[PDB]
There are 2 protein chains.
Amino acid sequence: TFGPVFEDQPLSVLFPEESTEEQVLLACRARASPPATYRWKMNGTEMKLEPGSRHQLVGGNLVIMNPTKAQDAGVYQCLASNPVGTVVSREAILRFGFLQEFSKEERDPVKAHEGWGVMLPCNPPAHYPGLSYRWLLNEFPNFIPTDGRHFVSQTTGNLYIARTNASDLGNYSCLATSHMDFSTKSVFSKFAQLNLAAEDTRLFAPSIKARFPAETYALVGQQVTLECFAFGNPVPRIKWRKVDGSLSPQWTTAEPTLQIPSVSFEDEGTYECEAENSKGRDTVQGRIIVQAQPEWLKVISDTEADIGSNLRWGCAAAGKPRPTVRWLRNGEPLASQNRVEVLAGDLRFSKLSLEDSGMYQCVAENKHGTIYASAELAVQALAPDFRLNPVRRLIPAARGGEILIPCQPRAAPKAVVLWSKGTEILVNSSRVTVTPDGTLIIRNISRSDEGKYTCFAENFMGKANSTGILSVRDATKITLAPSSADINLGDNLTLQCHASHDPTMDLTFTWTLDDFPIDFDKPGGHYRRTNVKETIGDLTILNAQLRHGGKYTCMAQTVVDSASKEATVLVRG
Amino acid sequence: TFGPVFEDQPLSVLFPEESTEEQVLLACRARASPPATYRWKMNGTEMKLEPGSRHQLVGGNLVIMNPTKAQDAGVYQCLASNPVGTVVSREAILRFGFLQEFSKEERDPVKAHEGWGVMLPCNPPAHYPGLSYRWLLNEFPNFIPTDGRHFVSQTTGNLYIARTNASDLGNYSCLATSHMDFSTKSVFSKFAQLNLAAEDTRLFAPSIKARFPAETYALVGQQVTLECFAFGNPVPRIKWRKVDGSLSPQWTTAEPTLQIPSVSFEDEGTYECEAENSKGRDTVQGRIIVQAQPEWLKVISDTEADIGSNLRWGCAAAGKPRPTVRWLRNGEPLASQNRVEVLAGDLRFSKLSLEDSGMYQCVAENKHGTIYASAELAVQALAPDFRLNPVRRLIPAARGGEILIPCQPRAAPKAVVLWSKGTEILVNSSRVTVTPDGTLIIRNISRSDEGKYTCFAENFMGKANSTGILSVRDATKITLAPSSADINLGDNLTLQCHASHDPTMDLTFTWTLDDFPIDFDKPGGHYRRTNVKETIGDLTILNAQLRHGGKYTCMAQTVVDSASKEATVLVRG
Ligand SMILES: *[C@@H]1O[C@H](CO)[C@@H](O)[C@H](O)[C@H]1NC(C)=O
Ligand SMILES: *[C@@H]1O[C@H](CO)[C@@H](O)[C@H](O)[C@H]1NC(C)=O
Ligand SMILES: *[C@@H]1O[C@H](CO)[C@@H](O)[C@H](O)[C@H]1NC(C)=O
Ligand SMILES: *[C@@H]1O[C@H](CO)[C@@H](O)[C@H](O)[C@H]1NC(C)=O
Ligand SMILES: *[C@@H]1O[C@H](CO)[C@@H](O)[C@H](O)[C@H]1NC(C)=O
Ligand SMILES: *[C@@H]1O[C@H](CO)[C@@H](O)[C@H](O)[C@H]1NC(C)=O
Ligand SMILES: *[C@@H]1O[C@H](CO)[C@@H](O)[C@H](O)[C@H]1NC(C)=O
Ligand SMILES: *[C@@H]1O[C@H](CO)[C@@H](O)[C@H](O)[C@H]1NC(C)=O
Ligand SMILES: *[C@@H]1O[C@H](CO)[C@@H](O)[C@H](O)[C@H]1NC(C)=O
Ligand SMILES: *[C@@H]1O[C@H](CO)[C@@H](O)[C@H](O)[C@H]1NC(C)=O
């Protein structure tokens, strides 16, 4: 059995008022064996799913019929529950697109002069999502022309005219258009009137009226617009620059509206916009800081772990502003416990148990978003198995030496190792040591130590035993060590290595120069074996040169043990 | 399913002629799942087990009833067969004990002198096992007295008298006794006559007549007897010594028969025995060579191995004479093959396959005996499984750096790795490579490399896929390295470390001294952080002493990457 891992997460749904169907489907599907029970949260609490009600679970999908803004707008969160564990899905926002009408009362006309700029505030109503604004010169559908004299704001909707003349007299009206996922809605305002006086025949300095704000909190990958429209006679050129840097040249325009389509982290900084004509200039500044969603850097994965082991899980996320990772067991938040410790970051287990098995979730959150990561912790109880890594079945041992017999079975938790020789239980003494990781240390080994070494590994699930046959032979001992000597260039030198060993076994002689071995397969070679017998292993250097000096080690070994002695040969004084 | 491992091997049975029952049980039992079919070999060929015949399988045991020496004296060798493999047991000798009668014809009398020693050969018949010999002075049942004047040999049975006198006249007869596992048999010889002349009143030098042989090939743990009886007037003292060593003092006797109960390898050498009286001495020599059975030093074990892997199994035996080690597959002997190498020793597989699964046996054989060791080789075909070692899930990468993504699944044999990005299969080029162990190496990494990398592992059992989501972030770069400086004792020194990183992540600064870290938790400590900001990580050494000189490394890291710069601070000129 394995826990629920999601393949369909719920998406945030903008439901239009001009909809084609009357149902909202929020999707949730998670792979588990057995298939999981799905429960939904509405605003944190557990919402009820009786038959005959307006909330229907079709398998894992939630279908809401008859939705309204006053009932069903908000937080939807799916939960998949197994007997292994319970996982919590991603945040779904069901949000309702609305567009209120304008005020139907009388609005005052605006008086101005010919040749000066005029403002006309739109006063737009409450809305979701962001409106696209237009203005009119006459009735519907006669729009304003989109020239360089009249400007409709994309942020506040207000109409700004840099210079009025005799052709601007008409019936003004604001207009708004909401573009949604399934429909498009358009409203228009109450009608306005502009009254104009006689012409002031002067040229004057500009002043910036339509202003982009002081801090624009951008996000990565989304289009950012800024406005710097101004008054003027004549019409002023608009210049954009960066105060603490330089602009990228793919989108530099001489326009009152600056639209940046792909915002990355080089777009963060201080911006200055400028209206300039032949009577002078005006500048105003602002800032764009570029913020980011959380993405994961490293996550947690499905861990089979033993009972009682230490375990560290790391889960880290990147984002500007920098996220607080918060942890979950089975849908409820995991605090610091008796064995489970959250550092709001990496999660440690001191001594695991069977209560700590389940689905664990890593939540990364800031004010730009919240992401989730799931992992199954399977804390396993295991019997001691000597099939994979047993006690050594045949243990050769040197007479008078010291051997190490490990008993390390595959066990969860750490098994009690009780050693025995035949039917006699081995205790610590001054000669035989039972170390509690499993190893048996036998020093000063004689002929009474041969036999039946049986390890009993025991924990609360079960018991097992393993058997090592131990036989004690004589050790390999060098009887004549080689002697260090200094020679000249081209002399003969013979080094002795006599060994003694148990005559059941087979002794061989390796000779090494600075712990690197000596080739003897060259015909006419300069290294020769001398007095080749069972116990005599002598080495002759013939015609010695400058590369033949160093430390020669005679290593007389059998297949179960070894002995080594050293000598130093120098070839030049 | 697992192979047959023996728990009952057959033992060599000496069957008596004076038997209590008429059946021979030779035992064979091997643990296997399913339980094994047992076939016996007798003298190498397969022996037929029809109902109504005189050879009955009671499960695994062989019962031979009505046994005779002319039919059933021979070797028996058990075989356990399952569909995994076939194992061959240790050889059991069924050998029949027999004791023939003496010759019933007339034997000649022996004439000698009074005071001189006499020999009387027994001429014993054919026998198994070794007989214990006695002689007589008259008819049955009075024996010879066991004094120092008359000696019965344990090797040839011949009676030797060192000095004859007037009380030795009688009816002599040899006698032999066989001690066996279920009965004891005794025979006695044809009657003899010793004729004696007048007494020679002289004292003379001894001469050794009953001689221990020149080479006595002993074994370990076996009692060895030697004889050095001699003639003489008076009765000579017998001395034993070692020529190439010294005797152990636990068994030194002044006796004509030297019996050593426990023979080890210090008993091997040259021996001299001596008969001495007041008219002189005599010495003769021999040799005892201590030999051994094969014992194993290192055996083979039950191995699950992949298809196509190299595999070396060592198998080694100790014993004098030194054992030739032979290998078996399934009852037939394994020579060198197209993929299987036997070097009469270690066994090498170059590329394994499904034909090479089965039970493999290791035989050690010399002329003192043969021993066996069995191991299952399970050559396994495996599908690619990414549950234990996947392609890593959420990959970070530096912008313009270098990554390696391993696709190493658990697969038997080595799976073909086909990498992909989305739906398009990655080829070698000059920017991205696919190494054939599974490693996708990407250099010069930009924003077009961000996405979904799927490894396909394919072999002839099956296919699997794994998926790594890779995001490309800007690397940690040190914008201003620390500078090396020379200071005096007690000066302040400030080292700068300015770094730059992608601001989606978080940056930390580790400061190390000769790649060992710097403690900052001391109040009033001599190492201080300076200008603690997001990107500025400076270090001030205050009141510098002689232990503060070395190489300081500033390692500015995030959690997915790092950058390091070095400086050298010395405190004394
Ligand atoms: C759920 O939350 C949203 C805003 O958080 C709220 O508008 C809505 O009325 C809430 N619904 C219920 C049933 O509490
Ligand atoms: C507004 O009036 C001035 C003066 O008559 C003229 O030069 C200008 O072109 C007019 N603008 C438009 C858009 O007609
Ligand atoms: C046996 O000896 C070792 C070595 O001192 C010690 O660590 C261990 O605790 C002892 N075992 C028991 C059961 O006391
Ligand atoms: C050792 O293990 C085997 C396998 O279960 C069991 O049959 C046997 O009784 C054990 N021996 C002891 C002494 O517990
Ligand atoms: C080694 O010794 C022999 C006799 O001492 C001598 O003839 C021979 O030349 C020597 N070898 C070399 C390489 O000098
Ligand atoms: C089997 O072998 C033994 C000696 O190797 C021999 O005495 C016996 O007659 C043989 N039996 C048969 C049936 O060949
Ligand atoms: C054999 O004869 C001699 C001489 O009469 C005597 O000294 C000796 O004791 C005799 N031996 C025995 C065993 O009676
Ligand atoms: C792709 O490139 C690596 C690196 O040179 C090389 O080892 C490998 O054989 C190439 N793959 C193929 C299918 O040729
Ligand atoms: C990847 O593996 C799954 C598991 O068998 C399989 O259903 C799927 O079709 C595979 N995809 C490709 C592209 O081979
Ligand atoms: C470090 O610098 C300040 C100002 O230069 C000085 O007053 C102080 O004594 C210095 N520290 C030591 C330990 O000399």
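Residues numbered from 1 in each chain as written, not as in the entry; some residues may be left out. Chains lettered and ligands numbered in written order. Heavy atoms only, no water.

1. Side note on a nonpolar patch on the surface
Then comes step 1: A contiguous nonpolar surface patch, about 270 Å² in accessible area, is contributed by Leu-418, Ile-425 and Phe-456 of chain A.
Then comes step 2: In this structure, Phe-456 of chain A sits in strand β46 (residues 451-458). (Patch = residues over 30% accessible without salt bridge, like charges linked within 9 Å, V, L, I, M, F, W, Y side chains within 5 Å. Areas by Shrake-Rupley, 256 points an atom, 1.4 Å probe, with all protein chains shown as cover. Salt bridge = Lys/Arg side-chain N within 4 Å of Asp/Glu carboxyl O. Helix = DSSP H or I, 4+ residues; strand = E, 2+ residues; numbered from the N terminus.)

2. Considering the environment of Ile-541 of chain A
Residues and elements named next belong to chain A.
Then comes step 1: Within the fold, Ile-541 resides in strand β54 (residues 538-541).
Then comes step 2: A relative accessible area of 1% means that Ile-541 is categorised as buried.
Then comes step 3: Taking the C-alpha atoms as reference, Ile-541 lies 103 Å from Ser-186; in sequence the two are 355 residues apart.
Then comes step 4: The contacts of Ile-541, once residues within four sequence positions are left out, are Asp-491, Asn-492, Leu-493, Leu-495, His-526, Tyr-527, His-548, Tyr-552 and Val-569. (Buried < 20%, exposed > 50% of the residue type's maximum accessible area, 1.4 Å probe, protein only. Contact = heavy atoms within 4.5 Å.)

3. Details of the relation of the copies chain B and chain A
Then comes step 1: In screw terms, the move from chain B to chain A is a rotation of 180° and a rise of 0.0 Å along the axis, fitting with an RMSD of 0.2 Å. Here the two chains are linked by the operation of a two-fold rotation axis. Considering only C-alpha atoms, the residue of chain B closest to the rotation axis is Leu-388 of chain B, which sits at 8.8 Å.
Then comes step 2: A shared interface surface links the copies, since 96% of the contact residues of chain B are contact residues in chain A too. (Least-squares fit on C-alpha atoms.)

4. Examining the pattern of salt bridges
Then comes step 1: Tallied over the full model, the rule gives 50 salt bridges over all chains.
Then comes step 2: Linking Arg-149 of chain A and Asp-168 of chain A is a salt bridge whose minimum nitrogen-to-oxygen distance equals 2.5 Å. On the criterion of sequence distance, the pair formed by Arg-149 of chain A in the loop between β16 (132-136) and β17 (150-152) and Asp-168 of chain A in the loop between β18 (159-161) and β19 (171-179) is long-range, its members being 19 residues apart.
Then comes step 3: A salt bridge links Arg-431 of chain B to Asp-449 of chain B; the nearest nitrogen and oxygen atoms lie 2.7 Å apart.

5. Overview of the sheet that holds strand β3 (residues 23-26) of chain A
Residues and elements named next belong to chain A.
Then comes step 1: Pairing is antiparallel across the open sheet formed by three strands, whose spatial order is β3-β8-β7. Each edge of the open sheet carries a strand with a single partner, namely β3 and β7 (55-58). The sheet shows a mean angle of 25° between the axes of neighbouring strands, taken without regard to direction.
Then comes step 2: As paired elements, β3 and strand β8 (residues 61-65) share four bridges and run antiparallel to each other. Residue pairing for β8: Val-24 is matched across the bridge by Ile-64. (Pairing = 2+ DSSP bridges. Axes fitted to C-alpha atoms, helices over the stretch in contact; angles between N-to-C directions.)

6. Side note on the interface of chain B and chain A
Then comes step 1: Taken together, the 25 residues of chain B in the interface contact 24 residues of chain A.
Then comes step 2: Three residues stand out in chain B for area buried against chain A, namely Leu-297, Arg-322 and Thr-504 of chain B, and they jointly supply 31% of the buried area on that side.
Then comes step 3: For the interface between chain B and chain A, the tally reads five salt bridges.
Then comes step 4: Among the salt bridges present, the one from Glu-304 of chain B reaches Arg-387 of chain A, with a minimum N-O distance of 3.8 Å.
Then comes step 5: Scanning the region where chain B abuts chain A turns up 10 residue pairs in polar contact.
Then comes step 6: When residues in the side of chain B that touches chain A are grouped by element, the largest group, four residues, is from strand β29 (residues 295-298) of chain B. (Buried area = accessible area lost by both parts, 1.4 Å probe. Polar contact = N/O pair within 3.5 Å; in protein donor to acceptor, adjacent residues only side chain to side chain.)

7. Thoughts on empty space enclosed by the protein
Residues and elements named next belong to chain B.
Then comes step 1: Enumeration over the complete set of coordinates arrives at two cavities of 30 Å³ or more.
Then comes step 2: One number sums up the size of the largest cavity: a volume of about 50 Å³.
Then comes step 3: In terms of lining, the largest cavity is formed by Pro-16, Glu-17, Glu-18, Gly-97, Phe-98, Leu-99, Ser-178, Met-180, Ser-183, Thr-184 and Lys-185.
Then comes step 4: Only β12 (98-99) and β21 (184-188) provide two or more residues apiece to the lining of the largest cavity.
Then comes step 5: Split by residue class, the lining of the largest cavity holds four nonpolar, four polar and three charged.
Then comes step 6: Counting residues domain by domain, the lining of the largest cavity receives three or more from each of domain 1 (2-96) and domain 2 (99-199).
Then comes step 7: Estimated volume of the second largest cavity: approximately 40 Å³.
Then comes step 8: Forming the boundary of the second largest cavity are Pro-396, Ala-397, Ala-398, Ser-471, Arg-473, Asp-474, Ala-475, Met-505, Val-560 and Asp-561.
Then comes step 9: Of all elements in the fold, only β40 (394-398) and β48 (463-473) reach the threshold of two or more residues within the lining of the second largest cavity.
Then comes step 10: Broken down by element, the lining of the second largest cavity gets its largest block of residues, three residues, from β40.
Then comes step 11: Its residues assigned to classes, the lining of the second largest cavity shows six nonpolar, one polar and three charged. (1 Å grid on protein atoms, 1.4 Å probe; cavity = no way out; pocket = protein on both sides within 12 Å on 5 of 7 lines; lining within 4 Å. Points joined across faces, edges and corners; volume = space filled by probe spheres on them. Nonpolar A, V, L, I, M, F, W, Y, C, P; charged D, E, K, R; others polar. Domains from an automatic or database assignment.)

8. Overview of the domain arrangement of chain A
Then comes step 1: According to the domain assignment, chain A consists of domain 1 (2-96), domain 2 (99-199), domain 3 (215-291), domain 4 (295-380), domain 5 (382-473) and domain 6 (477-570).
Then comes step 2: The distance between the C-alpha centroids of domain 4 of chain A and domain 5 of chain A comes to 39 Å.

9. Things to note about unusual backbone geometry
Then comes step 1: The omega angle of the peptide bond from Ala-412 of chain A to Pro-413 of chain A is 5°, so this bond is cis rather than trans.
Then comes step 2: Mapped onto the fold, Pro-413 of chain A is located in the loop between β41 (410-412) and β42 (416-421).
Then comes step 3: In this structure, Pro-321 of chain B follows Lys-320 of chain B across a cis peptide bond, with omega equal to 5°.
Then comes step 4: Take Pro-321 of chain B: it is sitting in the loop between β32 (316-318) and β33 (324-329).
Then comes step 5: Positive phi, normally seen in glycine, also occurs at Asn-543 of chain A, with a value near 55°.
Then comes step 6: Tracing the backbone shows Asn-543 of chain A in the loop between β54 and β55 (550-557).

10. A short note on the UniProt feature "disulfide bond" in chain A
All names here are of chain A.
Then comes step 1: Agreement with UniProt is obtained for the disulfide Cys-28 to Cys-78: its S-S length of 2.0 Å falls short of 2.5 Å. Taken together, the positions of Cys-28 in the loop between β3 and β4 (29-33) and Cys-78 in strand β9 (residues 74-81) put the pair 50 residues apart, joining distant regions of the chain. Both residues of the pair, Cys-28 and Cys-78, belong to the buried class. (Disulfide = S-S within 2.5 Å. UniProt positions renumbered as here; feature names shortened; annotations may be inferred.)

11. A short note on the packing of aromatic side chains
Then comes step 1: Per the counting criterion, the structure on display carries 24 aromatic pairs over all chains.
Then comes step 2: Ring centres 6.5 Å apart and planes at 70° place the aromatic pair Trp-40 of chain A and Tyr-76 of chain A in the edge-to-face group. A residue pair is termed long-range when its members are at least 10 positions apart, and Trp-40 of chain A in strand β5 (residues 37-42) and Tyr-76 of chain A in strand β9 qualify at 36 residues.
Then comes step 3: Among the residues examined, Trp-40 of chain A registers a relative accessible area of 0% and is labelled buried.
Then comes step 4: Taking the relative accessible area as the measure of exposure, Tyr-76 of chain A reaches 1% and is therefore buried.
Then comes step 5: Positioned above the aromatic ring of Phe-98 of chain B, the side-chain terminus of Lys-69 of chain B is 4.9 Å from the ring centre.
Then comes step 6: Looking at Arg-95 of chain B, its charged tip hangs above the ring of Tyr-128 of chain B, at a distance of 5.9 Å from the centre. (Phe/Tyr/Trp six-rings, centres within 6.5 Å; stacked < 30°, edge-to-face > 60°. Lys NZ or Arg CZ within 6 Å of the ring centre and 35° of its normal.)

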